[PDB]
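Encoded as structure tokens, the structure appears first; notes follow it.
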Amino acid sequence: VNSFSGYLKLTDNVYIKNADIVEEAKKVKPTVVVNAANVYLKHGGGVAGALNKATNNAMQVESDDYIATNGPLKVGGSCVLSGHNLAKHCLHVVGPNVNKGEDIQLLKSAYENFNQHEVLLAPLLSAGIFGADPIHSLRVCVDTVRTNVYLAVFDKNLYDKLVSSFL
Ligand SMILES: CO[C@@H]1C[C@H](CO)N(c2ncnc3[nH]ccc23)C1
């Protein structure tokens with residue numbers, strides 16, 4: 001039993017809701033919140049900008065030190081950093097950004113990072129300004145993630161479209 005509330009069950013291990021991931025994290029304080037990161041951990045907009053702004057820029061400060069030490073992530077890769085006031089940990093995961101010309105095939109690799117954590121509050125990878133088909137991303141999520149994932153989808157029309165089209 002966990003404290004997530006109001007989620008629609010899609011499969012044994014994937015759940016979904018129309019909500020801001022920042023608000024879900026503020027309420028649940030999950031062990032892991034997933035950030036929709038880029039390779040430079042520059043948290044400029046979307047989920048990343050929202051998470052970072054909710055940390056009063058502490059996420060960005062920590063991320064800049066990470067990059068200075070380790071260099072950029074790989075597309076499809078991840079790193080574990082602090083969750084600051086929102087969660088115990090933040091798993092920064094890089095889905096491909098089609099508006100940058102990044103390879104959409106890497107979306108499965110990106111979701112594989114979720115399997116290293118038993119429970120996660122996560123966004124839909126490569127959605128929004130990353131430019132991928134959200135129906136496909138939800139499909140890849142369900143067909144790749146085996147651990148328990150709670151997907152918070154901010155955009156109401158997107159949530160409704162995803163539910164009505166899910167197979
Ligand atoms: C079209 O919106 C993009 C894609 C995705 C699903 O709507 N996004 C979010 N998902 C969950 N929490 C969020 N907080 C702030 C943004 C956000 C932003």
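Convention: chains lettered A, B, ... in structure tokens order; per-chain residue numbering from 1; ligands numbered from 1 as shown.
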Item to check | Those in segment 30-80 of chain A with alpha helix (DSSP H) from DSSP, as number ranges by chain | outcome: A: 46-54, 58-70
Next on the checklist: Show me which residues line ligand 1, defined as having an atom within 7 Å of a ligand atom where only C-alpha atoms and all ligand atoms count, and present them as a list in words.
Outcome noted: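 Using only C-alpha atoms and all ligand atoms, I find these residues within 7 Å of ligand 1: residues 19, 20, 21, 22, 46, 47, 50, 123, 124, 127, 128, 129, 152, 153, 154, 155 and 158 of chain A.
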Write out, as an mmCIF file, in the first residue's frame, the residues just selected, with C-alpha atoms.
```
data_model
loop_
_atom_site.group_PDB
_atom_site.id
_atom_site.type_symbol
_atom_site.label_atom_id
_atom_site.label_comp_id
_atom_site.auth_asym_id
_atom_site.auth_seq_id
_atom_site.Cartn_x
_atom_site.Cartn_y
_atom_site.Cartn_z
ATOM 1 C CA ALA A 19 -2.132 16.095 -12.344
ATOM 2 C CA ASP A 20 0.977 18.272 -12.048
ATOM 3 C CA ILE A 21 3.930 16.072 -11.078
ATOM 4 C CA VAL A 22 5.110 18.893 -8.783
ATOM 5 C CA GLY A 46 8.097 21.771 -18.872
ATOM 6 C CA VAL A 47 8.478 19.214 -16.101
ATOM 7 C CA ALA A 50 8.490 23.186 -12.938
ATOM 8 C CA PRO A 123 6.024 12.132 -16.202
ATOM 9 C CA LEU A 124 5.382 10.811 -19.692
ATOM 10 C CA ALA A 127 6.044 14.334 -24.276
ATOM 11 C CA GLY A 128 5.340 18.037 -24.665
ATOM 12 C CA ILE A 129 8.219 20.016 -26.140
ATOM 13 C CA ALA A 152 1.239 12.329 -13.572
ATOM 14 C CA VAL A 153 0.030 14.047 -16.750
ATOM 15 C CA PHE A 154 -0.349 17.825 -16.412
ATOM 16 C CA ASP A 155 -2.346 18.575 -19.572
ATOM 17 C CA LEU A 158 -3.671 15.023 -23.213
#
```
Checklist entry - Out of segment 46-102 of chain A, which residues get strand (DSSP E or B) from DSSP, as a PyMOL selection string? => result chain A and resi 78-82+89-93
Checklist entry - Any idea what's packed within 12 Å of residue 98 of chain A, counting only C-alpha atoms, ignoring anything in its chain fewer than 6 positions away? Could you give it as a VMD selection string? => result chain A and resid 75 104 to 107 125 to 133
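For residue 116 of chain A, the residues within 12 Å (counting only C-alpha atoms, excluding itself and residues fewer than 4 positions away along the chain) are residues 32, 78, 79, 80, 91, 110, 111, 112, 120, 145, 146, 147, 148 and 149 of chain A.
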Item to check | Length of the atom CA of residue 141 of chain A to atom CA of residue 6 of chain A vector [Å] | outcome: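 About the pair atom CA of residue 141 of chain A and atom CA of residue 6 of chain A: they are 19.7 Å apart.
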Could you give me, as a compact mmCIF listing (two decimals) with N, CA and C atoms, in the first residue's frame, the residues within 9 Å of residue 92 of chain A, counting only C-alpha atoms and dropping anything in the same chain fewer than 6 positions from it?
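This went into selection.txt:
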```txt
# COMPACT_ATOMS: atom_id res chain seq x y z
N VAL A 33 10.97 10.86 -7.65
CA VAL A 33 10.30 11.60 -8.71
C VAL A 33 11.22 11.62 -9.93
N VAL A 34 10.65 11.35 -11.10
CA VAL A 34 11.39 11.38 -12.35
C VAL A 34 11.30 12.78 -12.95
N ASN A 35 12.45 13.31 -13.35
CA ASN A 35 12.51 14.53 -14.15
C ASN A 35 12.71 14.19 -15.61
N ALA A 36 12.00 14.92 -16.48
CA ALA A 36 12.19 14.85 -17.92
C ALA A 36 13.35 15.78 -18.30
N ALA A 37 14.56 15.25 -18.13
CA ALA A 37 15.79 16.02 -18.25
C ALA A 37 16.31 16.06 -19.68
N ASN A 38 17.26 16.97 -19.91
CA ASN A 38 18.13 16.94 -21.07
C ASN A 38 19.55 16.58 -20.62
N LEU A 41 21.33 18.73 -18.09
CA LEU A 41 20.58 19.03 -16.88
C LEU A 41 20.29 20.53 -16.77
N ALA A 48 10.85 19.78 -16.09
CA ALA A 48 12.11 20.12 -15.45
C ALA A 48 12.08 21.53 -14.88
N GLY A 77 19.84 7.96 -21.10
CA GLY A 77 20.46 7.72 -19.83
C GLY A 77 19.80 8.47 -18.69
N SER A 78 20.42 8.36 -17.51
CA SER A 78 19.85 8.94 -16.31
C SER A 78 20.93 9.13 -15.26
N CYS A 79 20.58 9.91 -14.24
CA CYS A 79 21.36 9.96 -13.00
C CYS A 79 20.40 10.19 -11.84
N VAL A 80 20.82 9.74 -10.66
CA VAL A 80 20.06 9.95 -9.43
C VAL A 80 20.68 11.11 -8.67
N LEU A 81 19.86 12.12 -8.38
CA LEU A 81 20.27 13.27 -7.58
C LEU A 81 19.24 13.46 -6.47
```
Checklist entry - Which one of A:82, A:13, A:69, A:18 sits closest to residue 30 of chain A if you count only C-alpha atoms? => result A:82
Item to check | Atom pair atom CA of residue 142 of chain A / atom CA of residue 11 of chain A: separation (Å) | outcome: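 Spanning atom CA of residue 142 of chain A to atom CA of residue 11 of chain A is a straight-line distance of 7.5 Å.
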Item to check | Test item: residues at most 12 Å from residue 65 of chain A, only C-alpha atoms, excluding those fewer than 5 positions along its chain, as a list in words | outcome: residues 40, 41, 42, 58, 59, 60, 70, 71, 72 and 81 of chain A
Item to check | All residues 10 Å or closer to residue 161 of chain A, only C-alpha atoms, same chain fewer than 4 positions away omitted, as a VMD selection string | outcome: chain A and resid 134 to 135 156 to 157 165 to 166
